[PDB]
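1. Sequence, then structure. It's an experimental one.
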Amino acid sequence: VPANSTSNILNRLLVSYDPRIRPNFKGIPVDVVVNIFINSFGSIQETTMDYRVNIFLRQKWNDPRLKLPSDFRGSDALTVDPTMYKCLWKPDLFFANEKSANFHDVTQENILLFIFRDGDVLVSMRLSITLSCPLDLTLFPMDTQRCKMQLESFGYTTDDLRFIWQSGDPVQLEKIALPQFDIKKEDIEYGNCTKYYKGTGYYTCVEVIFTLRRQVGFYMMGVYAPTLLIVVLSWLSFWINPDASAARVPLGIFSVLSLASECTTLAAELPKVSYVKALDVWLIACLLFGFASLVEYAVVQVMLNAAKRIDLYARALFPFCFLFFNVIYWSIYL
Amino acid sequence: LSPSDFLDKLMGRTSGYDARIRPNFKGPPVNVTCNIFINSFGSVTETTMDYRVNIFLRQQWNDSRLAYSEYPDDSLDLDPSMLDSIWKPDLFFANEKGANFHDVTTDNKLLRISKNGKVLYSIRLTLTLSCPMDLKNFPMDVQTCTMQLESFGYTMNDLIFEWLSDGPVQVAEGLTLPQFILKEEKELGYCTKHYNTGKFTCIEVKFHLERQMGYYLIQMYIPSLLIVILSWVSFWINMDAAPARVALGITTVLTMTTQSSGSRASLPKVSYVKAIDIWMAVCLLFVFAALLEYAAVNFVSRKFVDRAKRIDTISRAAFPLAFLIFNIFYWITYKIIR
Amino acid sequence: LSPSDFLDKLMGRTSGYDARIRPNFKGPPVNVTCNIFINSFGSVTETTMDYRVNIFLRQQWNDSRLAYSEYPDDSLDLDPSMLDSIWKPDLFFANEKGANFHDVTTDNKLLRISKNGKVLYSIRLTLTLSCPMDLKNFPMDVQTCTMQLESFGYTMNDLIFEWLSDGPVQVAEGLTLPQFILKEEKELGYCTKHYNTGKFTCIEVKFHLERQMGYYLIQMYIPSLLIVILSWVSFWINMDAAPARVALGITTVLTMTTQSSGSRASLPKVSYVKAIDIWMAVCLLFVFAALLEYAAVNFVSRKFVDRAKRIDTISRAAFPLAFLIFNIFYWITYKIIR
Amino acid sequence: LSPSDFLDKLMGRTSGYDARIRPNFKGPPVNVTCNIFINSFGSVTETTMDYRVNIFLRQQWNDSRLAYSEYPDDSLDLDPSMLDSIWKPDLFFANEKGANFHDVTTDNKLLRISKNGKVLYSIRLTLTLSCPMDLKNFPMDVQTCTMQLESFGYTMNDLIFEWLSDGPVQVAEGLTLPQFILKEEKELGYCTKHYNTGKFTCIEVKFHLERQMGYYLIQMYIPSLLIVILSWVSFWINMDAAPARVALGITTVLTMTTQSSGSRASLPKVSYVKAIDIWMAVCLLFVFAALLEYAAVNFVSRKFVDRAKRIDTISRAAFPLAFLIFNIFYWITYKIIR
Amino acid sequence: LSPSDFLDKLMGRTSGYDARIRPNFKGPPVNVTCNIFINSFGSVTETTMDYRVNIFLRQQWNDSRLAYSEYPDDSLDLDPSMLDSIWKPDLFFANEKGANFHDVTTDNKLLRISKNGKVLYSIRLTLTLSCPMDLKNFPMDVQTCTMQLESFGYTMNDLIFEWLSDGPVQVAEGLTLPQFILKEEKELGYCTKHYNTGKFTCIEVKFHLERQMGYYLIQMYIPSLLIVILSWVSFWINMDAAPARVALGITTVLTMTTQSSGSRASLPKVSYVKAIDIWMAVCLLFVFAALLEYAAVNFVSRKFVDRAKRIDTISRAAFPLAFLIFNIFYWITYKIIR
Ligand SMILES: *[C@@H]1O[C@H](CO)[C@@H](O)[C@H](O)[C@H]1NC(C)=O
Ligand SMILES: *[C@@H]1O[C@H](CO)[C@@H](O)[C@H](O)[C@H]1NC(C)=O
Ligand SMILES: *[C@@H]1O[C@H](CO)[C@@H](O)[C@H](O)[C@H]1NC(C)=O
Ligand SMILES: *[C@@H]1O[C@H](CO)[C@@H](O)[C@H](O)[C@H]1NC(C)=O
Ligand SMILES: *[C@@H]1O[C@H](CO)[C@@H](O)[C@H](O)[C@H]1NC(C)=O
Ligand SMILES: *[C@@H]1O[C@H](CO)[C@@H](O)[C@H](O)[C@H]1NC(C)=O
Ligand SMILES: *[C@@H]1O[C@H](CO)[C@@H](O)[C@H](O)[C@H]1NC(C)=O
Ligand SMILES: *[C@@H]1O[C@H](CO)[C@@H](O)[C@H](O)[C@H]1NC(C)=O
Ligand SMILES: *[C@@H]1O[C@H](CO)[C@@H](O)[C@H](O)[C@H]1NC(C)=O
């Protein structure tokens, strides 16, 4: 009867088609073509060095036992109820740089299945996976991270299974936009890694690598320019006469207090890393600059016991060195 | 006859039913009518750019096999446990991050069947959807939170979603939001996803969220404005009463920078500018300029006292005016838009 | 006659009992009497506007084709395993966020049968229900947290839930809420939801939670008052000790701003203003007022010291008076509601 | 003789065994002997008033349907796989917020059968149990946190729990908690819940937990003491040092407020007074009295400076004595007679 | 010759295999040679005293019943879905707080079968094992974390665990932690849990972790050191300008208190003393002592100004050397030990 005899004579206990036995058993390997689609991307929580992707994975391969004779002569493709994706052979795939993953089952198991006449099978499964990409935060606001995703096999060695990408358009995505970063859909380098685990053998692994560039907008708006204006205020205090010299001290204190609070905030907001970051570099720089303004006030105080001359040399040296530092710092961490 | 033998003869192992296919296989597609009833609405957080909803989704469609003639009734109610034995159209929300059914005393579902085969399948679902939020004008924004419906294993040639003509989307009476104002202008549309595998059908509904600014008013704007209006008093004071003016300016700057740091770090991380940040920066700068003005007065008054008093009165009569004009432009450019 | 064959002839493979078919099919509805036991209550986070309960829902109903005459004992208890093989009514909680069962060493559920046909089904549950708050008077509020039981897939024409007459809602003896206090009076009612499908039954209990002012008082109010008095101290100091009063006022302002910001941000984001906001803002105003009084006496003086000390002592002897008047006014306008 | 055939005869399909039928049906109840072995103990969070435990629960009970002579081994080890075929008694933890199994490489269970039928059933669980706390004396508190094993479906007329005689509750050699120190004297008893459906059997094991003061001591009391010593140095100062004395007093007050905020913030929200709060507020009042004493001497100054220095010396010699009295009273009433 | 009939004859339905029976029933015990491949390592948290790993656990043993003489290939890999019919040994982790598998596109597993009968079962796991840390020297600590592969339901008389001779525990090339320095000296020890039921095997692997103090140094130590040098330069000011020293001392001490509060917040509560706590407290103490010395200077100086300047110079010239000797002792005694 219509199409159920098809599905059954093709794959079920009624027909001799074993889901547990790969195709071409004891022959060539299985070439599992692949191509991804990324629907959502984000939740980059540097506190854990991870990112979350909600994607429509897709993979096709060959299985001569699933050939459609003239019994179906209406189209070159065929779509079945996803509930039978668990009845035919599947490639044992997983993600190695993975922390926690899950399917998406809402109103059905979000699975897609296509079968052609040549045996070419295709299967897709929506997935929301929380991968990990170790961050190199030496250049914090200008970090050019390379966050990766290496699809591996498991259970099947390279002598039976073998992954390969799709020639054209392997990783799609539509109107992407993030709050912090700015993906380079062109700088999407991908390639082979081909893990080798001792005791078992060679396992195949193909990896995508997205180049994530961080926007310096938020930091340039929230910390850098504020601290710059603070250190600029610090210089205005020099103009005040040393006779009164009762508010220059709290002015230098503002140059230390505010900066320490900013450092503490931005530190407790970011992960814990030994290697120093450009952010902390600039922070301690402005910190020591305010500190130097204050200790120069202290000196002129002890110099008062010709002090104005010291203030002159200060107005001459402070901005020059600060601006040389800013120049070299931007030229280094641009 | 008997309900047991009835539901066996119908969509049961005794019947010729095959739930692994769609109606009229190798024929025209289905015209599925969808409609959702909302119950709750919250968790709207700019940090994750998400929003939570618990909805009683409903799909009506046609399945010619289920048409029966044993009972005089036109519409019939069945047991959810039979749902798993009939066809169901694959459906997902392409803009979801976490979604779940609800299992309490049962699998919460509903399955009505009309004599003409018209099936009605309703399912309760809790959804943490995603919404790309544009915060160009944060405290007073008009967001465009979306909800998409679309198949995943059935293409347009076989499945076609469609909204319901009348009352496709409802909202439960008495529903209120913490700091948002849901609008009754829920605009529908088709997204018609086009992938490298087929032409998937689609539906989308766009809500319009009108944020409330009472919290930001009584927590940021009013304190900043009061701090600035306080700092202004320093100008009216004589240049001799230094401690008064210096204390006013210094405490004003300190509290203003505290408010700035707080209300700036309590927000998500975005490159583009924000109205609240503009306002915080401008008030910080007003009080900063008051302090720098006292400094310039001290410098001038090493006659000089005349210039000092002249600048004092100029500031006292201008800075309020500067804040007035800036506030006018600010409100009249960030409110007229909505 | 072994009990295996008994359960088989009752509800097992035999007996023609199809759990899919509710009793009185095409007949009157199934009048369910559902009562509750509350074992725990807490996690009432104002920010999430929800509350967690661990309850023992125990609903009974009088269906047919479960009676018998084999065991003369009126009551009877079975293995919870067969509970899934019979008809269990379809109900949910229409104001739940996240709900689950509790399976430890066995699925925690009870089934009891009688000789007349009655049935009792008691399934432990944990529910993170939702409750809307009106925090206009936050530290002194009486919230009406509601729990709604309703059906899904069975209309009021086929399944209605009516509470139990005597002792429907119960609570454990040694129950203790940390923040709030729970009343012995619950409000039972019918909400009788009406969707676009038909008429769905519903039943709601309202718990009255009355907040304790203890923690909020000992944490915000008392330190705020002590800091305000620290500020007031500035009026007793000698006018010549300008730096002392300056540092004092500045420290008072900064610490009050920090305390206010913390206490306010710990709460959720809402437009309607709260009493705690009023208190923190007026204490901020009073600290600023002491600072501004110092500034204005400086502006006055620099025999003017006479007028300076006059205004200073007037402040020192009046400001506490206005603070106390405002305190009694505030408490009589915010606390009398209880 | 084969093991597979033997198991099939014993409890498998071919056996004739029934699971839903407890042993001694329509007869005397069961006498279960329950013990446990604790492995991980911690996550004692006063916020949620809960604590986590990982336990190798063990239940022994005799069902005369499992008695053989083929395998002469007195005991016998089975596979957890078919465990679900035998009658494992219902059970739960009435004081659990969220419980979990452990499924890693196999189901964590142990089914040891004797020659007569004395089944032993081991199960590894993790439990986020709840124990209400009385923090009237918080840092020196002796908390009693309970675990209640209690049946749910089967009543005391068919199922009776009761502890083991020798070593009913055990612990892992080398168990130490961060804050507390678990006592070796656990209390054992019955609770015997009696709901309206019937009399349900129950158990209760109470662990006593003594809180080590070390952290709160090296973090709050020692600071507060140093701050009071600084305030006494301030007492021992001349009168014309307004800025210095005021700075010292305000430093003391502000650091005291910070420590008090920390203490009251590392805890849940409650309605009564905590001991740490008593001490912190007492030291705060001490330093505030120091500041007010300075203010009084400055008001008295402007012979009068003679009596001013007299009261200064009086305060210097008194307030240390008052603080000693408070310290002694406090410590003897909390840490000695309680 | 056929593969499917071969599998069904070997370890499927038609086979005489029973998946619930170890080989050599009531015979000698099977000795499983376990091994590990750590793919990542992190989420170490001193708050809950645990870490996290994702590993390709493997265990291989011998069962004659899987001998096949048809396929000449020595080894052979099978579909993970066959494990449900093979005897996989019971195995749990004792220090585990929470574990899970990872089933994405298939339930990640691996079954390999040699010709003589040797079997290899590998599985991917993710585990939040527990590592009780002794924080006597927190920033410079050497924490010894454990992983206990233990058995459940199989005594040491029937199931024994043993490591693999060569390279049992492996690691990934790019395996790096954010704030730790893992060592390649992984200790392999026997654990041999001895419960009341019997002697259960247990195999422990110990990782020696060394924390790197870059973050703590640049975030707490360095700011505190700067604030202390600030409290030092407070001395080089003139006495007559008391506002300077007042403001500087207050600004330093308040920041020090807040930073100590942040430090304690970043750590848990614990009885014994933490190094960073010692250092933070002693820096707060030096700030206290510097402000106290300023106060005593003002006391002695209303000759007197002579002695005031003398003591202030002695302080400004020696206090740094005291800080230096303390710091050298501190680092030399808390660095060379860890
Ligand atoms: C992927 O790269 C590895 C690198 O050694 C190679 O061995 C393997 O054949 C490649 N896969 C292909 C060509 O499909
Ligand atoms: C569904 O809609 C399409 C296009 O509007 C139409 O061609 C088709 O005939 C409709 N299906 C039915 C049941 O007529
Ligand atoms: C369903 O089929 C009926 C014919 O009985 C038709 O009138 C109706 O328009 C169809 N509607 C849908 C949604 O399929
Ligand atoms: C159920 O109660 C309703 C009243 O609400 C009554 O009309 C109906 O007859 C009752 N049916 C049964 C079976 O008790
Ligand atoms: C209980 O059973 C009696 C008789 O079987 C019936 O009249 C009644 O409607 C049932 N329901 C209730 C709630 O009593
Ligand atoms: C169970 O114990 C009770 C008392 O503890 C006893 O009366 C009863 O006979 C026992 N039943 C058994 C051992 O079957
Ligand atoms: C359980 O089994 C029998 C009673 O049927 C007896 O030998 C044994 O002592 C019983 N244990 C109890 C009652 O604890
Ligand atoms: C495991 O080791 C024991 C050593 O006592 C040995 O008797 C036994 O044969 C070993 N296992 C196997 C399968 O040989
Ligand atoms: C299993 O037994 C075989 C002998 O048949 C032995 O060679 C092998 O080492 C054993 N496996 C172990 C010890 O893991």
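-> That came through, no problem. Residues are numbered from 1 along each chain as shown, chains lettered A, B, ... in the order given. Ligands and ions are numbered 1, 2, ... in the order given.

2. Burial check on residue A:169, number of neighbours?
-> Per other CB atoms under 10 Å in any protein chain shown, the neighbour tally for residue A:169 reads 10. The C-beta positions use only the backbone N, C-alpha and C, and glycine is treated the same way.

3. Surely it is in a helix?
-> No - going by DSSP: H, G, I helix; E, B strand; the rest coil, the assignment for residue A:169 is coil, not a helix.

4. what helix or strand is the residue nearest to it when sequence neighbours are not counted on?
-> Nearest residue to residue A:169 in three dimensions, chain neighbours excluded: residue B:196, at 6.0 Å (CB to CB, 6 or more residues apart in numbering or on different chains). When elements are assigned from DSSP states H and E, residue B:196 belongs to no helix and no strand.

5. shouldn't residue B:196 be in contact with residue A:37?
-> Yes - if you go by CB atoms under 8 Å, residue B:196 and residue A:37 touch, sitting 7.5 Å apart.

6. Counting neighbours, go ahead and name the busier of these two.
-> Legend: neighbour count by other CB under 10 Å for residue B:196 and residue A:37, higher for residue A:37 (19 against 13).

7. Can you report phi and psi for that one?
-> Taking degrees, to the nearest 10, you get phi -140, psi 120 for the backbone angles of residue A:37.

8. Just give the nearest non-adjacent residue to residue B:190, would you?
-> residue B:202 (6.0 Å).

9. what's the neighbour count on the one you found?
-> The number of residues packed near residue B:202 is 19, by other CB under 10 Å.

10. circling back: could you pull up the contacting residues of the residue nearest to residue A:169?
-> A:35, A:37, A:169, A:172 (CB atoms under 8 Å, 6 or more residues apart in numbering or on different chains).

11. give the contact list for residue 254.
-> Since no chain was named, I'll use chain A. Contacts of residue A:254 by CB under 8 Å, 6+ apart are A:230, A:233, A:290, B:250, B:253-254.

12. think we crossed wires, I meant chain B
-> A:254, C:250, C:253-254.

13. do the same with residue B:282
-> So residue B:282 contacts residue B:326 (CB under 8 Å, 6+ apart).

14. Phi, psi for it please.
-> Taking degrees, to the nearest 10 as the convention, residue B:282 sits at phi -70, psi -40.

15. And for the one 5 residues further on?
-> The main-chain torsion angles of residue B:287 are listed as degrees, to the nearest 10 and equal phi -70, psi -40.

16. just checking, residue B:264 touches residue B:277?
-> Yes - here residue B:264 reaches residue B:277: they are 6.4 Å apart, a contact under CB under 8 Å.

17. which residues touch the residue in the stretch 201-338 of chain B that chain C sits nearest to?
-> Residue nearest to chain C within the stretch 201-338 of chain B (CB to the nearest CB): residue B:214, separated by 3.0 Å. Applying CB under 8 Å, 6+ apart to residue B:214 gives the contacts B:179, C:270-273.

18. which of these tops the neighbour count?
-> Going by other CB under 10 Å, residue C:270 tops the contacts of residue B:214 with 21 neighbours.

19. circling back: which residues are in contact with both of residue B:196 and residue A:37?
-> Joint contacts of residue B:196 and residue A:37 (CB under 8 Å, 6+ apart) are residue A:172.

20. Can you pull the domain assignment for chain B?
-> B:1-212, B:213-338 (curated CATH domains).

21. before we move on, back to that, closest one to residue C:147 out of the contacts of residue B:196, please.
-> Set against residue C:147, the nearest of those by CB to CB is residue A:37 (42.8 Å).

22. Just list what the helix or strand where residue B:82 lies packs against, helices and strands only.
-> Residue B:82 belongs to helix B:80-83 when assigned by DSSP H and E. On a contact count with 3 or more CB pairs under 8 Å, 6 or more residues apart in numbering or on different chains; DSSP states H and E, helix B:80-83 meets strand B:109-114.

23. ok, so what distance separates residue A:264 from ligand 5?
-> 66 Å (CB to the nearest ligand atom, to the nearest Å).

24. What sits closest to that residue if chain neighbours are left out?
-> In space, residue A:264 comes closest to residue E:262 once its chain neighbours are excluded; the distance is 6.5 Å by CB to CB, 6+ apart.

25. Could you pull out the strands in the chain for me?
-> Using chain A. A:30-45, A:50-61, A:93-95, A:98-100, A:111-115, A:121-132, A:144-153, A:161-165, A:171-173, A:190-192, A:196-197, A:201-202, A:205-213 (DSSP state E).

26. My question was about chain B, not that one.
-> Listed in chain order, the strands of chain B (DSSP E) span B:30-45, B:50-62, B:75-77, B:96-100, B:109-114, B:118-130, B:142-143, B:146-149, B:159-163, B:169-171, B:180-182, B:187-189, B:203-206, B:209-211.

27. can you list the residues that contact the shortest one?
-> Which is strand B:142-143. In contact with strand B:142-143 (CB under 8 Å, 6+ apart) are residues B:131, B:133-134, B:208-211, B:337-338.

28. Give the partner strands of that strand in its sheet and their orientations.
-> Strand pairing for strand B:142-143, using DSSP bridges, gives strand B:209-211 (antiparallel).

29. buried residues in the strand it pairs with?
-> Along strand B:209-211, these residues count as buried under the neighbour rule (16 or more other CB atoms under 10 Å in any protein chain shown): B:209, B:211.

30. Figure out how far that strand is from the centre of its chain.
-> 8 Å (CA atoms, centre = their mean, to the nearest Å).

31. Stretch A:76-87 now?
-> Worked out by CA atoms, centre = their mean, stretch A:76-87 lies 34 Å from the chain centre.

32. Does it reach chain B?
-> Yes - Stretch A:76-87 comes into contact with chain B (CB under 8 Å from any CB of the partner chain), by way of A:79-84.

33. What lies in contact with that stretch?
-> A:7, A:11-12, A:19, A:68, A:72, A:108-117, A:123, B:19-21, B:90, B:152-155, B:158.

34. Alpha carbons only: can I get that stretch in CSV?
-> Taking Å, rounded to 0.1, in the frame of the first residue of the first chain, the C-alpha atoms of stretch A:76-87 are listed here in CSV:
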residue,chain,number,x,y,z
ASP,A,76,14.6,12.6,-6.6
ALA,A,77,14.4,13.3,-2.9
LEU,A,78,12.2,11.9,-0.1
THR,A,79,11.3,13.1,3.4
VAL,A,80,10.2,10.7,6.2
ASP,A,81,8.9,11.2,9.7
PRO,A,82,11.9,12.1,11.9
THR,A,83,10.8,9.3,14.3
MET,A,84,12.5,6.8,12.0
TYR,A,85,15.9,8.5,12.1
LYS,A,86,16.7,6.1,15.0
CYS,A,87,16.0,3.1,12.8
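
35. Now do residue B:55 against chain A, distance only.
-> 11 Å (CB to the nearest CB, to the nearest Å).

36. quick one, what contacts residue A:226?
-> Contact partners of residue A:226, counting by CB under 8 Å, 6+ apart, are A:258, A:262.

37. Spit out the contact partners of residue 299.
-> No chain specified, so I'll use chain A. Contacts of residue A:299 (CB under 8 Å, 6+ apart): residue A:310.

38. I was thinking of chain B, sorry if that wasn't clear
-> A:239-240.

39. Tell me how far it lies from residue B:267.
-> Between residue B:299 and residue B:267 the distance is 38 Å, computed by CB to CB, to the nearest Å.

40. Please identify the residues of the stretch 151-300 of chain B in proximity to ligand 1?
-> Residues of the stretch 151-300 of chain B found near ligand 1 (CB under 6 Å from any ligand atom): none.

41. correct me, but residue B:110 touches residue B:82?
-> No - look at residue B:110 against residue B:82 with CB under 8 Å: they stay out of range, at 11.6 Å.

42. who has more neighbours, the two?
-> Shown here are residue B:110 and residue B:82; by other CB under 10 Å, residue B:110 has more neighbours (25 against 16).

43. for chain A, what spans make up the helices?
-> Under the criterion DSSP state H, helices of chain A are mapped to A:4-10, A:217-219, A:225-236, A:248-268, A:278-303, A:307-333.

44. Quick one: list the elements packing against the longest one.
-> To tie it back to what came earlier, the one meant is helix A:307-333. Helix A:307-333 packs on helix A:225-236, helix A:278-303, going by 3+ CB pairs under 8 Å, 6+ apart.
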